[PDB]
Student: 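Just dropping this structure here.
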Amino acid sequence: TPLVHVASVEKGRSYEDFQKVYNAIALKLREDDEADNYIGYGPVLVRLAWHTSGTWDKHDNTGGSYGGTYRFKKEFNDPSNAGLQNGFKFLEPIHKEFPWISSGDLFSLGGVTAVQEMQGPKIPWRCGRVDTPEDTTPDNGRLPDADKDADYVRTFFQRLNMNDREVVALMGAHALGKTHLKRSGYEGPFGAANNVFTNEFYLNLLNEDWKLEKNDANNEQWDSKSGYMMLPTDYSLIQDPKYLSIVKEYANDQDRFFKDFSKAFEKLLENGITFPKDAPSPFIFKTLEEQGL
Ligand code: HEM
Ligand SMILES: O=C1O[C@H]([C@@H](O)CO)C(O)=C1O
């Protein structure tokens with residue numbers, strides 16, 4: 001039997017405590033509005049949560065969000081994580097304000113807060129991740145390659161126990177922010193609204209005119225007449241006929257896309273964690289806007 005990670009709620013903490021940590025991330029998001037040319041820290045926090053979760057292997061329960069291992073040099077220096085140090089740095093003063101929260105809880109809560117605060121769906125979220133030692137840090141190379149096709153994508157995500165719908169849903173996070181040539185070898189915004197969470201990823205894939213080109217690091221990307229880009233793995237969602245059908249469904253139903261993404265994103269952030277029968281129910285946090293804050 002693989003490793004077992006039992007959710008253990010930070011001693012004495014309840015929903016109100018975590019709503020505070022959320023509110024502090026949310027306030028700071030509002031505050032550092034100007035970053036990445038007025039994109040903000042929203043997207044990088046969404047990406048930080050996915051990457052700290054996306055090391056999971058279903059086969060042996062190694063990696064995943066539970067251990068908060070990104071805080072160790074091997075994981076924070078992962079070439080795939082280039083840039084994410086900004087997300088870490090952003091969450092640093094949050095963690096000094098709320099030092100009782102585990103690292104895994106913080107990184108994953110950062111992703112939740114970012115989505116909700118960019119007008120994304122509500123993402124139920126559970127506390128109880130527990131910091132694990134350095135020797136538990138997963139090796140580099142577990143996050144995906146961008147220069148690949150649909151067959152790669154489908155296989156890759158099987159290791160995260162994600163099916164076709166879950167893959168297409170999670171990839172709509174590429175409505176957010178942009179690629180940076182210095183970080184990934186790709187350059188450009190994915191779409192128009194860079195820090196507002198919509199189903200624009202699917203609509204753009206279908207409606208724009210894309211042209212495959214070599215960028216300034218000699219990597220291939222799909223470039224639109226409108227000035228957007230897609231990764232080869234992004235564009236594969238319309239080259240594969242099963243993916244294409246789901247792309248069309250999300251392009252044509254914002255509510256279903258929100259619903260599906262919420263489920264898949266909670267699932268991604270919870271993979272590898274055992275929650276006790278007596279654990280609290282997932283928390284649905286209020287936005288600042290819903291609190292009047
Ligand atoms: C086939 C799978 C995926 C590949 C190959 C991939 C690859 C990439 C690359 C190369 C970048 C640009 C990094 C940079 O230069 O700043 C990027 C950005 C981003 N990714 Fe993905 N990604 C994948 C799936 C996902 C998923 C599942 C999520 C979250 C649910 C996600 C969220 C993001 C976000 C928010 C950004 C923009 C961050 C920013 O603006 O700094 N990606 N992705
Ligand atoms: O959301 C984002 O945050 C980082 C930026 O803040 C780094 O300074 C980034 O790349 C985004 O698009």
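For this chain, numbers begin at 1 and follow the sequence in order. All ligand and atom numbering here is 1-based and tracks the order in the structure.
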Student: List every atom of ligand 1 that sits less than 4.0 Å from any heavy atom of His180, numbering the atoms from 1 in the order shown and giving each element.
Tutor: 14 (C), 15 (O), 16 (O), 41 (O)
Student: Is atom NZ of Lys74 surrounded by more than 12 heavy atoms (other residues, nucleotides or ligands) closer than 6.0 Å?
Tutor: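 Enclosed.
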Student: Would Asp145 count as a contact of ligand 1 if the rule is a heavy atom under 4.0 Å away?
Tutor: yes
Student: Which residues pass the side-chain hydrogen bond (donor to acceptor under 3.5 Å, both in side chains) test with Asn140, not counting sequence neighbours?
Tutor: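 side-chain hydrogen bond (donor to acceptor under 3.5 Å, both in side chains) list for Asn140, sorted by chain: empty.
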Student: For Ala35 and ligand 2, does the shortest N/O to N/O distance drop below 3.5 Å?
Tutor: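 For ligand 2, there is no N or O atom that lies under 3.5 Å from one belonging to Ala35.
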Student: Applying the side-chain hydrogen bond (donor to acceptor under 3.5 Å, both in side chains) test to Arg142, which of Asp78, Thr55, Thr62 qualifies?
Tutor: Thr62
Student: Evaluate side chain to side chain donor-acceptor pair (under 3.5 Å) for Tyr22 paired with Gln116, printing each intermediate quantity in order.
Tutor: CA-CA 10 Å; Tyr22 179 113; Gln116 295 203 165; 2.9 Å; yes
Student: Which atoms of ligand 1 have any heavy atom of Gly177 under 4.0 Å away?
Tutor: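 Counting atoms of ligand 1 from 1, those under 4.0 Å from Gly177 are 40 (O).
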Student: Just checking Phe190 against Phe201, ring centres under 6.0 Å apart?
Tutor: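 That pair fails the under 6.0 Å test.
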Student: As an exercise, identify every atom of ligand 1 less than 4.0 angstrom from a heavy atom of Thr233.
Tutor: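 The list of qualifying atoms is 1 (C), 5 (C).
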Student: Quick one: pull up CD in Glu213 and CD in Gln221 and give me the separation to the nearest 0.5 Å.
Tutor: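 CD of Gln221 is found 8.0 Å from CD of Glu213.
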Student: Against heavy atoms of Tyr41, which atoms of ligand 2 measure under 4.0 Å?
Tutor: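 Result: 1 (O), 3 (O), 6 (O).
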Student: Do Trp100 and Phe18 have ring centroids that are under 6.0 Å from one another?
Tutor: yes
Student: Would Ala146 count as a contact residue for ligand 1, given that I'm defining contact as a non-hydrogen atom of the residue lying under 4.0 Å from a ligand atom?
Tutor: yes
Student: Check ligand 1 against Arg183 and write out every atom of the ligand that is under 4.0 Å from a heavy-atom position of the residue.
Tutor: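 With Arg183 as reference, the close atoms of ligand 1 come out as 14 (C), 15 (O), 16 (O), 41 (O).
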Student: Answer side chain, backbone, both or neither: which part of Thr179 comes under 4.0 Å from ligand 1, heavy atoms only.
Tutor: both
Student: Would you call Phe156 a ligand 1 contact, heavy-atom distance under 4.0 Å?
Tutor: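 No, that is not the case, since the closest heavy atom of the residue is not under 4.0 Å from the ligand.
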Student: My understanding is that only residues two or more places apart in sequence, or in another chain, count here; which of them pass ring-ring contact (aromatic ring centres under 6.0 Å, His included) with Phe265?
Tutor: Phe261
Student: Taking 4.0 angstrom as the limit and counting only heavy atoms of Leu231, give me the atoms of ligand 1 inside it, by number and element.
Tutor: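 Near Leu231, the atoms of ligand 1 are 6 (C), 7 (C), 8 (C), 9 (C).
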Student: Tell me whether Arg47 reaches ligand 2 (any heavy atom closer than 4.0 angstrom to a ligand atom).
Tutor: no
Student: Once the angle between the rings of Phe197 and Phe257 is folded into 0 to 90°, is it parallel (under 30°), tilted (30 to 60°) or perpendicular (over 60°)?
Tutor: parallel
Student: Is the shortest N/O to N/O distance between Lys178 and ligand 2 below 3.5 Å?
Tutor: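 Checking ligand 2 against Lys178, no N or O pair falls under 3.5 Å apart.
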Student: Is there a polar contact, in the sense of an N or O pair closer than 3.5 Å, between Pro43 and ligand 2?
Tutor: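 Between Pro43 and ligand 2, an N or O pair is found under 3.5 Å apart.
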Student: Hey, is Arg129 close enough to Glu10 for a salt bridge, meaning N to O under 4.0 Å?
Tutor: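 Answer for the salt bridge query: no.
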Student: On a heavy-atom basis, I'd like to know which of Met171, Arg47, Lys178 is closest to atom 39 (C) of ligand 1.
Tutor: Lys178
Student: Describe, in one word, how the ring planes of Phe157 and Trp50 are oriented to each other, choosing from parallel (under 30°), tilted (30 to 60°) and perpendicular (over 60°).
Tutor: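 Ring orientation of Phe157 relative to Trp50: parallel.
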Student: Is the shortest side-chain N to carboxylate O distance from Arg165 to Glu249 below 4.0 Å?
Tutor: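 Looking at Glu249 together with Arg165, the answer is yes, because their closest N to O distance falls below 4.0 Å.
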Student: If you count the atoms of ligand 2 from 1 in the order shown, which ones are under 4.0 Å from a heavy atom of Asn86?
Tutor: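 Per the distance check, 7 (C), 8 (O).
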Student: Residue-level breakdown please: for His174 versus ligand 1, do any non-hydrogen atoms fall below 4.0 Å on the side chain, on the backbone, on both, or on neither?
Tutor: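 The part of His174 near ligand 1 is the side chain, not the backbone.
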Student: For ligand 2, is there an atom lying under 4.0 Å from some heavy atom of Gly40?
Tutor: yes
Student: Run the side chain to side chain contact (heavy atoms under 4.5 Å, CB included) check on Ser65 and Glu270 step by step: do they pass?
Tutor: CA-CA 7 Å; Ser65 76; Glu270 298 173 1; over 6 Å; no
Student: Do any nitrogen or oxygen atoms of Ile39 lie less than 3.5 angstrom from nitrogen or oxygen atoms of ligand 2?
Tutor: no
Student: Looking only at distance, does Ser184 have an N or O less than 3.5 Å from an N or O of ligand 1?
Tutor: yes
Student: Under 4.0 Å from a heavy atom of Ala173: which atoms of ligand 1 are those, numbered in the order shown and with their elements?
Tutor: 28 (C), 29 (C), 30 (C), 32 (C), 35 (C)
